[PDB]
Every structure is written in C-alpha cells, then in structure tokens.
Amino acid sequence: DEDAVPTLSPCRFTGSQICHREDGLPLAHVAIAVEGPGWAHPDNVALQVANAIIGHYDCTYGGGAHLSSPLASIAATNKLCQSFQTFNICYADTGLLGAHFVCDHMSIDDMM
Amino acid sequence: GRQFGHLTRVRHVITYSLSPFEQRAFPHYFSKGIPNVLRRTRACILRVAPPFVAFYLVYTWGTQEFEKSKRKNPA
C-alpha cells in the first residue's frame, strides 16, 4: 500500500470532431455526444429516462411507423437509417451522453 | 445543381476538427500573420508591381511633357 498509489486525474472534455472518411465502406457510422456527469451523479437517472424516450431502432424491429419514439418512427417511415441507439457512458466525474447511428450516405443529414 | 453525398469519391482521409468555443478566433495574429503577408508579397511583387511602375513612369512623363510642349523659347 504505502508508496505511490495515486488518485485519478479529472479528464478534460473537448467537443470537437473526428471525421475518418472512407467511401469504400457501404454505410456511415456517426456517434455524437455531449459531456456526461459520470457515475455518482443523481442526474444519471433523469438523463436515462430522456434517453429511454428517444430509445433505439434497428431495421429488424417489429412494427415501424407506430413506434412511440418520434425519432424511431420517422427513422422507420422515411427509411432514414439501419440502426440507432441512445447512450450514457459513465466514468468517474465525466462521461459521454448521446446517440450513435448507422445509415446510407444520403441519410446522414436527415438523421442528424 | 450538385449536392453533398453526391459530389465525389474519397477514401482514407481523417479530418480532425475543433469547436470555435474551444479555440482562439485570433491566434498569433501578429506573431504569425505579419510573417505571412510579407512572404505573400515577396511571392508576387515581380508579377504585379512592374506593370504599375511602367504605368507610373508613363504617367509622370506624359504629364511633364504635355505642359512643357505648350511653350516656346526663341521666336
């Protein structure tokens, strides 16, 4: 124990963009996030609710137009993607809160 | 017209970006800026300047000569 155990440093969030463009691949993956509060925070519960409301989609989902989620509904009706998923990844004192999706090259905008 | 998604084909190129609320609008504006404009002028003087000095000398001559022409001295 006694010698040179350190605690974790806090991690700076940038917010920033990384675009690795490869038209040889047949579909686009985007993953967007704002900064999360992380493990401890009471706000996780409430964010997870809001996330749940947006939810997730997949082209194998049963019954499309009538989904509760307005994202997932429009996604399915207008064939705007193949998949999405909301998320809230937690770390100590920080985390990534957003969604990731997958779609055709002419969907990336509308999906966004 | 022509639309994004349908422009051209591009493979293997990573663009790294930054939010403008994360960075300076004016970064090293005089530190790096003044060295560049010098370099750009240096770059272009011998193409841009000589016709205008050519004009300059033909203007100041043609002025000098025109009004000196409307003179006599003997007879």
# chains A, B, ... in the order shown; residues from 1 in each chain; ligands from 1
>>> residues_around(residues="segment 2-17 of chain A", least_positions_apart="6", cutoff="12 Å", atoms="only C-alpha atoms", output="PyMOL selection string")
(chain A and resi 30-38+91-97) or (chain B and resi 14-23)
>>> interface_residues(of="chain A", to="chain B", cutoff="6 Å", atoms="only C-alpha atoms", output="PDB file with N, CA, C and O atoms, in the first residue's frame")
ATOM      1  N   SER A  16     -15.606  19.047 -30.492  1.00  0.00           N
ATOM      2  CA  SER A  16     -14.508  18.736 -31.400  1.00  0.00           C
ATOM      3  C   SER A  16     -15.115  17.710 -32.327  1.00  0.00           C
ATOM      4  O   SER A  16     -16.150  17.116 -32.000  1.00  0.00           O
ATOM      5  N   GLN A  17     -14.409  17.391 -33.405  1.00  0.00           N
ATOM      6  CA  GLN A  17     -14.926  16.466 -34.406  1.00  0.00           C
ATOM      7  C   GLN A  17     -13.810  15.607 -34.958  1.00  0.00           C
ATOM      8  O   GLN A  17     -12.712  16.108 -35.263  1.00  0.00           O
ATOM      9  N   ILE A  18     -14.109  14.327 -35.137  1.00  0.00           N
ATOM     10  CA  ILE A  18     -13.227  13.456 -35.897  1.00  0.00           C
ATOM     11  C   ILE A  18     -13.962  12.765 -37.031  1.00  0.00           C
ATOM     12  O   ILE A  18     -14.908  12.012 -36.796  1.00  0.00           O
ATOM     13  N   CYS A  19     -13.535  13.065 -38.253  1.00  0.00           N
ATOM     14  CA  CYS A  19     -14.152  12.521 -39.453  1.00  0.00           C
ATOM     15  C   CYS A  19     -13.152  11.720 -40.247  1.00  0.00           C
ATOM     16  O   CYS A  19     -12.281  12.294 -40.902  1.00  0.00           O
ATOM     17  N   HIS A  20     -13.331  10.400 -40.236  1.00  0.00           N
ATOM     18  CA  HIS A  20     -12.481   9.483 -40.980  1.00  0.00           C
ATOM     19  C   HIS A  20     -13.257   8.972 -42.189  1.00  0.00           C
ATOM     20  O   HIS A  20     -14.037   8.030 -42.082  1.00  0.00           O
ATOM     21  N   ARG A  21     -13.023   9.578 -43.345  1.00  0.00           N
ATOM     22  CA  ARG A  21     -13.902   9.377 -44.494  1.00  0.00           C
ATOM     23  C   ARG A  21     -13.427   8.220 -45.363  1.00  0.00           C
ATOM     24  O   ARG A  21     -12.304   8.221 -45.855  1.00  0.00           O
ATOM     25  N   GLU A  22     -14.306   7.254 -45.589  1.00  0.00           N
ATOM     26  CA  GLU A  22     -13.960   6.063 -46.344  1.00  0.00           C
ATOM     27  C   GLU A  22     -15.164   5.583 -47.135  1.00  0.00           C
ATOM     28  O   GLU A  22     -15.847   4.671 -46.684  1.00  0.00           O
ATOM     29  N   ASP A  23     -15.321   6.089 -48.362  1.00  0.00           N
ATOM     30  CA  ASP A  23     -16.387   5.688 -49.293  1.00  0.00           C
ATOM     31  C   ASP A  23     -16.347   4.257 -49.806  1.00  0.00           C
ATOM     32  O   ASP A  23     -17.214   3.845 -50.570  1.00  0.00           O
ATOM     33  N   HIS A 105     -25.322   6.976 -47.059  1.00  0.00           N
ATOM     34  CA  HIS A 105     -24.708   8.255 -47.379  1.00  0.00           C
ATOM     35  C   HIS A 105     -25.607   9.457 -47.642  1.00  0.00           C
ATOM     36  O   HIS A 105     -25.149  10.581 -47.440  1.00  0.00           O
ATOM     37  N   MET A 106     -26.852   9.264 -48.075  1.00  0.00           N
ATOM     38  CA  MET A 106     -27.785  10.394 -48.170  1.00  0.00           C
ATOM     39  C   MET A 106     -28.793  10.520 -47.015  1.00  0.00           C
ATOM     40  O   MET A 106     -29.770  11.270 -47.092  1.00  0.00           O
TER      41      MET A 106
END
>>> atom_distance(atom1="atom CA of residue 42 of chain B", atom2="atom CA of residue 28 of chain B")
20.9 Å
>>> atom_distance(atom1="atom CA of residue 109 of chain A", atom2="atom CA of residue 49 of chain A")
25.7 Å
